[PDB]
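**Q** Dropping a structure here in structure tokens format, bear with me for questions.
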Amino acid sequence: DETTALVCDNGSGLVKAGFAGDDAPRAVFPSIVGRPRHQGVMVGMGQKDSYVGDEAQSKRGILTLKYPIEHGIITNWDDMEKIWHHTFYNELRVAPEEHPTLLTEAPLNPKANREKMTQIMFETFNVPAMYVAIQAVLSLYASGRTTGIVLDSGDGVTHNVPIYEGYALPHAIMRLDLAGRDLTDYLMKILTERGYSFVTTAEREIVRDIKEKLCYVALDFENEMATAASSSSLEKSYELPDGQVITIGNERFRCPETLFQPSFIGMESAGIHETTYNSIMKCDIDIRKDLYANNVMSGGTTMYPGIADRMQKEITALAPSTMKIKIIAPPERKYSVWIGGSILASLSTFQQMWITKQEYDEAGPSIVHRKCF
Amino acid sequence: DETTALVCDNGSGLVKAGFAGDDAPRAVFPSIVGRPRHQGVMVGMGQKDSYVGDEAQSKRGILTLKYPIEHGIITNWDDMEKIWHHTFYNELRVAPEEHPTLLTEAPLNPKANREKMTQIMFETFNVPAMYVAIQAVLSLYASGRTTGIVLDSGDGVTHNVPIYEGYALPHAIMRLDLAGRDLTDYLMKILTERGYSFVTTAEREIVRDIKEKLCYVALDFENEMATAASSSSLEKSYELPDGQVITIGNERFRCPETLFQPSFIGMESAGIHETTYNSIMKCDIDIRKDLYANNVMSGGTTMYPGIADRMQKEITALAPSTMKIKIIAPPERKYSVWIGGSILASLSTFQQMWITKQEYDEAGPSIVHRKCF
Amino acid sequence: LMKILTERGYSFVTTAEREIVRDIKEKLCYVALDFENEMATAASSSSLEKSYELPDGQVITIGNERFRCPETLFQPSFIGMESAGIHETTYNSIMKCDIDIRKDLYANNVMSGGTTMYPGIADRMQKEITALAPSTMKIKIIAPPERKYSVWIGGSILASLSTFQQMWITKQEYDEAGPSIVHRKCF
Amino acid sequence: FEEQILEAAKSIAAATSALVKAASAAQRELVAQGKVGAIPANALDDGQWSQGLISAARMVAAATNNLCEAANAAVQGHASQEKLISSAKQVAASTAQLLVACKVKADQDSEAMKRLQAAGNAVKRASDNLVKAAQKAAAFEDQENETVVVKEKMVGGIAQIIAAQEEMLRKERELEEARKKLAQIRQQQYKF
Amino acid sequence: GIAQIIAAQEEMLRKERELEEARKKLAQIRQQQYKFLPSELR
Ligand SMILES: Nc1ncnc2c1ncn2[C@@H]1O[C@H](COP(=O)(O)OP(=O)(O)O)[C@@H](O)[C@H]1O
Ligand SMILES: Nc1ncnc2c1ncn2[C@@H]1O[C@H](COP(=O)(O)OP(=O)(O)O)[C@@H](O)[C@H]1O
Ligand SMILES: [Mg+2]
Ligand SMILES: [Mg+2]
């Protein structure tokens, strides 16, 4: 019947795009723009100017890869527009001017980022309408809940947003730049410790793959370190794209430990468990029990094996012993935000929340600060 | 329709010239200039001053043969100009001033060589346009590929050039001066061990013919040496131009082995297999697999029976066991460079890459460093 | 430098020739203040061409290669490396520090090591970092004339300190803790 | 052939008249309930939303009139079949914009909302019907002469693949430039 | 105003047809690649 809406979660690392009503994104691809850094000799090829998404991921040997989104803030707008092209016309293969588009954004982002997003979506793609949602609210939508504190840890931003009975508490929103990309950089730094030197952006992608394949969160960091130092059971091997085999030991759990000890990368902020506890304690006393009982995790960085148990133990150590602490970690949480957006894009009520281009034309880009939280 | 272009591969040892679009060079002849070294006594004959190409090869008894090109660098410009004149007017029998000319050059050659080639082409032969291509790129063209590491071994220069998706990696280019002529000199030196004394340049040509006819690359050098020292099944016979018959044993494989052990001729460099492996290892880690799978061979020096198997074994012993090593050695590789040039000279796209004499007269001979890799 | 000396017809291959090229680099190379203007000057005039006598008596003459070699320190792409030049790495290291200490770091750029002995490298570094840093900030490159031995001099100073005498990894501690003790007593 | 699209053209006209009536009724509802302060002033002449949604309906009507003219040109053999789908896509964008604009500015279960939605869906479906009718009537609907071409020469064959592959990359450059030109002309369309 | 937009869409779609037939031509060449390529070159 009605024209389906487009849901485009523009994460720092990955772009997840699809249609409203679907249960999984139709296009999941890295948000990178690669440009050749060598000299083309053959005349029949080596001539394209820039590669976007998976194509660049297949040609990282001869490319310089750049992420247009850094810490949830779009820094290169031409690259972001190119990525939105590759999403709409190549991956989804639809016309954005007939489908309303739902975009996502981390909380406490600069206003100019959201205004430029609106201006590009309306003046370059001419969508009928658009809406910028907060990723944590969508993550809560995905879990079928109205009460809970959402810990969303993407590639570039990790934020805690407490929500009670559909009401957000903006003063209790916590944001932390420590995220997956910083974990990848720390993994590179500590892999140089065993003699493996990864420098180029392609080697950064290789290290990110290593992190996604072998890293896990230790239940007890000190005991795990002692076990790794005494026994060799934790040591695991991995084959590089060139055939070299590397072996990593304690680095499997030292990299995710930065999530709980940000001082490893020289940051003064507290770990994710302490930020969650502080966010809960900033809320009204009457809702802390429900917030304790409804910890919802989302984002790729929360897909580490054993992260839920560690978070539960830490918050149990912090919270009073009488409270019941439950970490909700659905197996599909890496797409939770997008899934939530799909749900929000299928609701009949939300059809009144769109920012139509009539309002954009009469009020300018500032309208996005009067209609979106 | 359009005037066909001339493809002239001026190798260190052979000149291969022809027209674009043809599948084989029309004129393949040695690049030598011979001058009489005796006294003429009869008026009717023996008055010509210099002999070029096959004419000198038929009269080596009374001539001093000199190669104007040594190690890919043109040393005698008068002789090289004479050779080019013989190519254009006697072998090809065409006017160079109506056909654009495509020339070849080894990588990492002196800039003055390329500038002098351009100046001679434009001010002596008055060609409409000209272009200097890198021989390895043309060799890759001839194989119908865009990715691979080309090992081009001619008469004076051996060079490894890796290319990935049409992009060359100049920092990974390897050049080794060991080539066919050094093999011929070493064959003369080791043939002196059996009492055969070849000294004059004509005797050098005879030894070159012996090398082309009887030499081969041993799969395992030590086992082959033991077999030659025990059995007499490797002793081949060759008839000299005067009727004398020589018999050679291990020298059949001890000469080409210099390609894999340059220390035989006092060179400190590593063999061609190690240079290929090092050139691969200087490339980005993500493209090493494709280079391992696309080892392209070209040039006359790679025509030894069993050279591909030996190179495959050596690189397999060097490379990680997981990766597959594939040596691409077409039976027509001795002309591959030229063939590739023909292809590059037939492309409609390449027609914009010519260095026209307008650009030469406005920018000078230095223009060849801004339009040719 | 070997690779770009092959451009003028000088072929250095063996390790001994590598030592000869290293000596050439130490004797004739320098850092240009402005790379493009220096290249234009070299391409126009011959004033930048210097001669050098090889151990075998041959005299070689090099022009822009005198400054095109050290320029790799600021443009690593010349050798196919994707990383940024030394000035950009210094600026990034400063920007990774706390905002309150960036002023003192900007005013105390210390250079050491042989590769920083190039004539005019301090001025080029100062100009590049000034172009990168905010205009208000004062930038000072500290390049002592003996900076080729700065590491050893600092090591001697540290080893002459009475306080440092307690940081020695004694062979007593080595025999009970093994080689891993060096990861607990040294930064 | 031409009579077939003419029947669909009249269906288009009836559906767009229904759009005009429904949009007028919705404007009456909006001004009656105080949803928007409708002003009877033609800002920038028609503009896009002068005097409210009636201007959007009128611009939809202009777009679909252009669509009908494109279909007539195609059935006369003067317009490419890709002109028809381009005009249809513009019409679809216009009606989607109008429907979404009326959707958020009016009551949740307003009857006028239902009339606008049904009429816009009718225009969309009838537009696809007209487009498919014109394309199938067009003789250039399907045509290709690139089934198999080969060259005997080894030099000629590889040169053939390289020329075709350069054609690939050239058309892909055309992708980039054409999209950038379209984006620029869209930004310049109103520049707020 | 909309005339320029529709013209740009015209160029986009006609060139899309060009890109598609170029794809077809490339594949059409590729099936006969083995014919003029030696056995070791596939
Ligand atoms: N299975 C996994 N284990 C550990 N880390 C992962 C896993 N999958 C993804 N990641 C990390 O999560 C990041 C992607 O998170 P994502 O949810 O896509 O965030 P965004 O919203 O920024 O796209 C990647 O950078 C990757 O390093
Ligand atoms: N069948 C063969 N076996 C061994 N060596 C050969 C054979 N044919 C040619 N050569 C050697 O290769 C050299 C010619 O190589 P070529 O491909 O002509 O290089 P260039 O680019 O210098 O012309 C000659 O010196 C000859 O010694
Ligand atoms: Mg996310
Ligand atoms: Mg050759």
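Chain A uses Swiss-Prot numbers throughout; the residues present, in order, are 5-377.
Per deposition record, electron microscopy, 3.0 Å.
Just so you know, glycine gets a Cβ as well, placed from its N, Cα and C.
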**Q** Look up A:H42, A:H75, A:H277 in Swiss-Prot and give me whichever carries the note tele-methylhistidine.
**A** A:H75
**Q** Name the residue range among A:56-69, A:112-125 that Swiss-Prot annotates as region 'Interaction with alpha-actinin'.
**A** A:112-125
**Q** In Swiss-Prot, one of A:243-255, A:360-372 is tagged region 'Interaction with alpha-actinin'. Which stretch would that be?
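**A** Swiss-Prot lists region 'Interaction with alpha-actinin' for residues A:360-372.
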**Q** Give the nonlocal contacts of the region 'Interaction with alpha-actinin' (A:360-372) in its own chain as ranges (CB under 8 Å, at least six residues past its ends).
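**A** Distal contacts: 118-123, 126, 130-133, 136.
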**Q** Would you kindly determine which modified residues in the set A:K63, A:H75, A:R179 have their Cβ under 8 angstroms from any Cβ of chain D, listing them in sequence order or replying 'none'?
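**A** So none of them sit by chain D.
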**Q** Per DSSP, what is the helix/strand/coil residue tally across the region 'Interaction with alpha-actinin' (A:112-125)?
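**A** Helix/strand/coil tally for the region 'Interaction with alpha-actinin' (A:112-125): 11 helix, 0 strand, 3 coil.
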**Q** Hey, how far is A:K63 (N6-malonyllysine) from A:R179 (ADP-ribosylarginine), Cα to Cα, in Å?
**A** 34
**Q** Looking at the modified residues A:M46, A:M49, A:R179, whose Cα is closest in space to that of A:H75 (tele-methylhistidine)?
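**A** When the Cα distances are compared, A:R179 comes out closest.
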**Q** With a 10 Å radius around each C-beta, find which of these modified residues (A:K63, A:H75, A:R179) has the fewest other C-beta atoms nearby.
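**A** Relative to the other modified residues in A:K63, A:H75, A:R179, A:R179 has the fewest Cβ atoms within 10 Å.
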**Q** May I ask for the distance between A:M46 (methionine (R)-sulfoxide) and A:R179 (ADP-ribosylarginine), taken between their Cα atoms and rounded to an integer number of Å?
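**A** So the alpha carbons of A:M46 (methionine (R)-sulfoxide) and A:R179 (ADP-ribosylarginine) sit roughly 49 Å from each other.
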